[PDB]
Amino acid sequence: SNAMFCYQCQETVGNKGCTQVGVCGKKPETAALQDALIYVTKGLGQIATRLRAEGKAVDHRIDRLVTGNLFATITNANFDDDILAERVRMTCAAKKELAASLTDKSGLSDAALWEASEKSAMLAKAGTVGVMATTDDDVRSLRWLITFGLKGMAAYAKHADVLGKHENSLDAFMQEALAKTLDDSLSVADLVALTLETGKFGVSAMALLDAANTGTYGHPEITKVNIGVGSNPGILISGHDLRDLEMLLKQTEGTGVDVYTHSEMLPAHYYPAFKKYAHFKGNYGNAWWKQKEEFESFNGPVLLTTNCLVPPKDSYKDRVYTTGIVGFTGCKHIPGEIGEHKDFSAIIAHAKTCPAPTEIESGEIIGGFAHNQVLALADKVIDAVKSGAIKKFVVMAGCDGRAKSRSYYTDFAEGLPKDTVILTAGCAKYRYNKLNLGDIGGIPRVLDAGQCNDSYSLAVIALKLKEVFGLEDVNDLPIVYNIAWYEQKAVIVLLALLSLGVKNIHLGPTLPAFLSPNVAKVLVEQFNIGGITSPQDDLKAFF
């Protein structure tokens, strides 16, 4: 039989599924606990949805449990079985209490009713509630496409909540959609509808996080970021959470410890509020997947605010700190997932005992082209399109990863004619943001809008251009979409773009294993989704 089944990321074995051990390092009992956690979270969603329909209140603490549970099961987020098992217990306790306040308990699912306190009972239940519990290929495909989209949505909703923003309609949708994925009566048409609705609420979640980030730290602006290093001890902050960075910068003031960013923390440099801390140094290294080498050479402690964390080498494991929903057995954790005060005193003391970073490279990279900054430049962008100086934009946003085939994205970028502009967001950027690609009329040929969530800015920019040019269809803009994906935040970004009517998206380096033949056919027929081949062939064909 199979010890596990997981197919949620781009690197899944054979582009079919991980059945023994995850390519990411996820062990079968860890995979089982995540399957059990998702199951009881869907049960909680049903109960909460029923309470809302009865006219009864559901406290925001329930919303936070749901988003934390989903985020903990994203690829490279949490490998800690003790933490995962305790989240299962907490969820069982919470949903039992909520169900007791229902007037009518009729029609509650097994997920709503089932509970366990012993890990052994959780592992046994997991075996019959995983991916392959749904027998029909199309229903399975759509249920898990939706679930993965909801994980990405929940991540963005959680970062907004950390910064003090939440919307009842967003949390209500997430919980109702989760419940619908266990309802056997829904047709394929119902589930295709729910997939597109999930994309729409993906836009809403990204809009909420955009407002939270910019409202707190200012609108991103054009910024030069040092990729070399200084000579003081440092802490390297990775992942996505800007509130964790704020607290870390405040606590390192006056200490002699510098702060550097990694991977998806690069865009923190673009926000005006963070420029006021003199000990906020550069961005160190590249995307998440190089971290076994780059965390080693950094020498100082590393703080993971979100995914992606890879199972650490023994050489630096003792200086890895996790926080929020991130976890790895044997790595120190700083508690907190709601933006509350976190005590970084131990990581700061640790940093003072470590060597300064070993430099990988020197120079700079430019970014900060989020929606406010690009709309301020809109007249000049529009003039350049009208004159033919800019012939095409290419959206190359998304996720990077390990696959050797991803040299495609570097070669594609290098081979583009010098009258094109790359638009990016997310760690996919690292395949081409240290090339020397130049500028068109002073506009850089790579425009970095920020984190994967700042794909929102790219959509806002596209819709603005549609308006100014007076076009009926967003697809009539001179934009090619060549997006790379790895984890579930890329899935919500994709669904968001589809909900906005974007066609002709080229997705790679492979297509998700969780798209069944019939579901893929709908995406091809209605949205013209395609894949990649060689960079030289696609540089001809895509244009």
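Numbers follow the displayed sequence, beginning with 1.
Checklist line | Of 181 to 189 and 149 to 157, the stretch whose C-alpha atoms average the higher B-factor in the entry | finding: In the deposited entry, the stretch with the higher C-alpha B-factor mean is 181 to 189.
- request: Determine, for stretches 126 to 134 and 68 to 76, which one has the higher mean CA B-factor as deposited.
  value: Averaged over C-alpha atoms, the B-factors run higher in 126 to 134.
- request: Using the entry's values, work out which of 406, 332, 466, 250 has the largest Cα B factor.
  value: Answer for 406, 332, 466, 250: 466, with the highest C-alpha B-factor.
Next item on the list: Between 351, 112, 443, 374, let me know which has the highest C-alpha B-factor in the entry?
Entry: Each of 351, 112, 443, 374 was compared by C-alpha B-factor; the highest is 443.
**Prompt:** Taking the entry's C-alpha B-factors for this chain, is residue 536 in the lowest, middle or highest third?
**Reply:** Middle third - that is where residue 536 ends up once the chain's C-alpha B-factors are sorted.
message = Which third, lowest, middle or highest, does the C-alpha temperature factor of residue 49 belong to within its own chain?
response = It belongs to the middle third of the chain when residues are ordered by C-alpha B-factor.
| request: Ordered by C-alpha B-factor within the chain, which third holds residue 24? Give me lowest, middle or highest, please. | output: Ranked within chain, residue 24 CA B lands in the lowest tercile.
Next item on the list: Could you tell me which third, lowest, middle or highest, the C-alpha B-factor of residue 36 occupies within its chain?
Entry: Within its chain, residue 36 is a lowest-third residue by C-alpha B-factor, going by the deposited values.
Going by the entry, which third of its chain does the Cα temperature factor of residue 295 land in? For residue 295, whose C-alpha B-factor we compare with every modelled residue in the chain, the answer is the lowest third.
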